[PDB]
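There is one chain below, alone, in C-alpha coordinates, taken in the form deposited in one PDB entry.
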(Lines give C-alpha, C1' and ligand atoms only; values in the text may rest on other atoms or scores of the structure.)
Protein backbone atom coordinates (compact mmCIF):
# COMPACT_ATOMS: atom_id res chain seq x y z
CA UNK A 1 0.00 0.00 0.00
CA UNK A 2 2.93 2.35 0.50
CA UNK A 3 2.99 5.14 -2.09
CA UNK A 4 6.71 4.61 -2.71
CA UNK A 5 7.46 1.09 -3.98
CA UNK A 6 10.78 -0.51 -2.99
CA UNK A 7 11.84 -4.10 -3.64
CA UNK A 8 11.33 -6.17 -0.46
CA UNK A 9 14.82 -7.74 -0.71
CA UNK A 10 18.11 -7.69 -2.65
CA UNK A 11 21.44 -9.54 -2.41
CA UNK A 12 24.98 -9.61 -3.84
CA UNK A 13 28.60 -10.65 -3.10
CA UNK A 14 31.30 -8.59 -1.29
CA UNK A 15 32.96 -6.30 -3.85
CA UNK A 16 29.92 -6.33 -6.16
CA UNK A 17 27.48 -3.46 -6.69
CA UNK A 18 23.70 -3.47 -6.18
CA UNK A 19 20.79 -1.09 -6.84
CA UNK A 20 17.64 -0.42 -4.79
CA UNK A 21 14.75 1.11 -6.75
CA UNK A 22 12.13 3.49 -5.33
CA UNK A 23 9.21 4.28 -7.63
CA UNK A 24 6.54 6.91 -6.90
CA UNK A 25 4.36 9.50 -8.65
CA UNK A 26 4.11 13.22 -9.47
CA UNK A 27 2.75 13.95 -5.98
CA UNK A 28 5.93 12.70 -4.23
CA UNK A 29 9.12 11.79 -6.15
CA UNK A 30 8.11 13.65 -9.33
CA UNK A 31 7.85 17.04 -7.60
CA UNK A 32 10.19 16.71 -4.62
CA UNK A 33 13.58 15.65 -3.25
CA UNK A 34 14.11 12.05 -2.05
CA UNK A 35 16.26 10.92 0.88
CA UNK A 36 17.53 7.40 1.68
CA UNK A 37 17.97 5.90 5.15
CA UNK A 38 20.11 3.01 6.40
CA UNK A 39 19.01 1.05 9.47
CA UNK A 40 21.56 -1.46 10.81
CA UNK A 41 20.16 -4.43 12.80
CA UNK A 42 19.14 -3.23 16.28
CA UNK A 43 19.81 0.48 15.67
CA UNK A 44 17.93 3.65 14.76
CA UNK A 45 17.78 4.84 11.13
CA UNK A 46 20.66 6.97 9.80
CA UNK A 47 20.40 9.52 6.97
CA UNK A 48 22.24 8.03 3.98
CA UNK A 49 21.41 10.30 1.05
CA UNK A 50 19.54 13.62 0.86
CA UNK A 51 18.22 15.64 -2.10
CA UNK A 52 18.35 12.66 -4.50
CA UNK A 53 22.18 12.40 -4.69
CA UNK A 54 23.90 14.29 -1.82
CA UNK A 55 25.81 12.55 1.00
CA UNK A 56 26.25 13.87 4.56
CA UNK A 57 29.61 13.70 6.37
CA UNK A 58 30.71 10.21 7.47
CA UNK A 59 28.95 8.43 4.59
CA UNK A 60 31.42 7.00 2.03
CA UNK A 61 31.26 7.57 -1.75
CA UNK A 62 30.41 3.88 -2.30
CA UNK A 63 26.81 4.96 -1.68
CA UNK A 64 25.23 7.10 -4.43
CA UNK A 65 21.79 8.28 -5.57
CA UNK A 66 20.10 8.68 -8.96
CA UNK A 67 16.79 10.15 -10.14
CA UNK A 68 14.85 9.71 -13.39
CA UNK A 69 11.36 11.24 -13.27
CA UNK A 70 9.13 9.34 -10.83
CA UNK A 71 11.83 6.74 -10.00
CA UNK A 72 14.81 6.98 -7.63
CA UNK A 73 17.73 4.57 -7.13
CA UNK A 74 20.36 3.88 -4.45
CA UNK A 75 23.64 2.45 -5.81
CA UNK A 76 26.15 0.69 -3.55
CA UNK A 77 29.53 -0.21 -5.06
CA UNK A 78 32.17 -2.36 -3.32
CA UNK A 79 29.78 -4.14 -0.93
CA UNK A 80 30.86 -5.00 2.62
CA UNK A 81 29.49 -7.23 5.40
CA UNK A 82 28.79 -4.10 7.48
CA UNK A 83 26.38 -2.84 4.80
CA UNK A 84 23.77 -5.48 5.78
CA UNK A 85 20.75 -3.32 6.61
CA UNK A 86 17.19 -2.28 5.81
CA UNK A 87 17.11 0.65 3.36
CA UNK A 88 14.20 3.11 3.14
CA UNK A 89 13.45 5.88 0.65
CA UNK A 90 11.38 8.83 1.88
CA UNK A 91 9.84 12.12 0.77
CA UNK A 92 6.83 14.44 1.14
CA UNK A 93 3.62 13.53 -0.70
CA UNK A 94 1.58 16.58 -1.74
CA UNK A 95 -1.65 14.58 -2.25
CA UNK A 96 -1.59 12.90 1.18
CA UNK A 97 -0.21 16.03 2.92
CA UNK A 98 2.19 13.73 4.75
CA UNK A 99 5.78 12.52 4.90
CA UNK A 100 5.94 9.08 3.30
CA UNK A 101 8.26 6.05 3.36
CA UNK A 102 8.73 2.98 1.20
CA UNK A 103 8.10 -0.55 2.49
CA UNK A 104 11.85 -1.09 2.92
CA UNK A 105 14.53 -3.29 1.37
CA UNK A 106 16.52 -6.07 3.07
CA UNK A 107 20.08 -6.10 1.72
CA UNK A 108 21.72 -9.43 2.57
CA UNK A 109 25.36 -9.78 1.50
CA UNK A 110 26.62 -13.10 0.18
CA UNK A 111 29.10 -13.40 3.05
CA UNK A 112 28.77 -17.01 4.21
CA UNK A 113 28.31 -20.61 2.97
CA UNK A 114 25.02 -22.51 3.21
CA UNK A 115 24.60 -24.17 6.63
CA UNK A 116 22.04 -26.76 7.75
CA UNK A 117 20.00 -26.41 10.98
CA UNK A 118 20.67 -28.40 14.15
CA UNK A 119 17.30 -29.45 15.60
CA UNK A 120 16.58 -30.49 19.20
CA UNK A 121 13.07 -31.56 20.27
CA UNK A 122 12.05 -31.71 23.94
CA UNK A 123 8.81 -33.30 25.22
CA UNK A 124 6.64 -31.91 28.04
CA UNK A 125 8.19 -32.20 31.50
CA UNK A 126 6.49 -34.21 34.25
CA UNK A 127 6.19 -30.95 36.22
CA UNK A 128 4.36 -29.24 33.34
CA UNK A 129 2.02 -32.23 32.85
CA UNK A 130 1.34 -32.09 36.61
CA UNK A 131 0.20 -28.45 36.15
CA UNK A 132 -2.25 -29.60 33.42
CA UNK A 133 -0.24 -28.08 30.53
CA UNK A 134 1.93 -29.58 27.79
CA UNK A 135 4.50 -27.91 25.53
CA UNK A 136 6.78 -29.54 22.97
CA UNK A 137 9.88 -27.39 22.41
CA UNK A 138 11.64 -27.55 19.04
CA UNK A 139 14.92 -25.62 18.92
CA UNK A 140 16.62 -24.73 15.64
CA UNK A 141 20.19 -23.39 15.45
CA UNK A 142 23.26 -22.83 13.24
CA UNK A 143 21.54 -22.39 9.85
CA UNK A 144 22.25 -20.00 6.97
CA UNK A 145 20.68 -18.22 5.27
CA UNK A 146 18.20 -17.09 7.94
CA UNK A 147 14.96 -18.65 6.70
CA UNK A 148 13.18 -21.82 7.84
CA UNK A 149 9.79 -23.51 7.63
CA UNK A 150 8.52 -25.56 10.59
CA UNK A 151 5.82 -28.23 10.28
CA UNK A 152 4.45 -30.41 13.09
CA UNK A 153 2.82 -33.84 12.91
CA UNK A 154 1.09 -36.38 15.15
CA UNK A 155 0.96 -40.01 13.96
CA UNK A 156 1.56 -38.78 10.39
CA UNK A 157 -1.26 -36.20 10.32
CA UNK A 158 -0.36 -32.47 10.34
CA UNK A 159 -1.27 -30.11 13.16
CA UNK A 160 -1.73 -26.36 12.75
CA UNK A 161 -3.44 -25.58 16.06
CA UNK A 162 -1.12 -24.83 19.00
CA UNK A 163 1.92 -24.00 16.84
CA UNK A 164 3.85 -20.83 17.72
CA UNK A 165 7.02 -20.32 15.65
CA UNK A 166 9.43 -17.43 15.92
CA UNK A 167 11.26 -15.50 13.23
CA UNK A 168 14.93 -16.30 12.60
CA UNK A 169 17.38 -14.28 14.72
CA UNK A 170 21.10 -13.72 14.14
CA UNK A 171 23.41 -15.64 16.48
CA UNK A 172 26.81 -14.31 17.60
CA UNK A 173 28.52 -16.55 14.99
CA UNK A 174 26.53 -14.92 12.12
CA UNK A 175 24.33 -18.01 11.63
CA UNK A 176 20.65 -18.03 12.61
CA UNK A 177 18.51 -19.50 15.38
CA UNK A 178 14.78 -20.09 15.74
CA UNK A 179 12.27 -22.02 17.84
CA UNK A 180 8.81 -23.55 17.50
CA UNK A 181 6.42 -24.46 20.31
CA UNK A 182 3.44 -26.83 20.18
CA UNK A 183 0.93 -26.33 22.99
CA UNK A 184 -1.33 -29.25 23.94
CA UNK A 185 -3.38 -30.61 26.81
CA UNK A 186 -1.99 -33.59 28.74
CA UNK A 187 -4.88 -35.69 27.37
CA UNK A 188 -4.16 -35.24 23.64
CA UNK A 189 -0.39 -35.47 24.28
CA UNK A 190 -0.96 -38.94 25.78
CA UNK A 191 -3.56 -39.92 23.13
CA UNK A 192 -1.01 -39.97 20.27
CA UNK A 193 1.85 -42.43 19.71
CA UNK A 194 4.42 -39.87 18.65
CA UNK A 195 4.81 -36.20 17.67
CA UNK A 196 7.35 -34.82 15.18
CA UNK A 197 9.04 -31.47 14.51
CA UNK A 198 10.00 -31.10 10.83
CA UNK A 199 12.35 -28.19 10.04
CA UNK A 200 12.73 -27.33 6.34
CA UNK A 201 15.67 -25.25 5.06
CA UNK A 202 16.46 -24.70 1.34
CA UNK A 203 14.04 -27.51 0.40
CA UNK A 204 15.77 -30.01 2.73
CA UNK A 205 14.13 -31.15 5.97
CA UNK A 206 15.35 -32.35 9.38
CA UNK A 207 12.87 -34.28 11.56
CA UNK A 208 12.92 -35.04 15.30
CA UNK A 209 10.43 -37.16 17.27
CA UNK A 210 9.16 -37.54 20.85
CA UNK A 211 6.59 -39.86 22.45
CA UNK A 212 4.64 -40.08 25.76
CA UNK A 213 5.90 -43.62 26.49
CA UNK A 214 9.55 -42.45 26.39
CA UNK A 215 11.68 -41.46 29.39
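Numbering follows the first chain given and starts at 1.
As for the form deposited in another entry, it is not shown, yet the points below apply to it.
Taking the list 135, 93, 47, 110 and the motion between the shown form and the other one, the hinge point where C-alphas stop fitting one rigid part best and start fitting the other is 110. In the other form, the CA atoms of residue 8 and residue 178 come closer by at least 3 angstroms compared with the shown structure. Between this form and the other one, the CA-CA gap for residue 103 and residue 178 narrows by 3 Å or more, being smaller in the other form.
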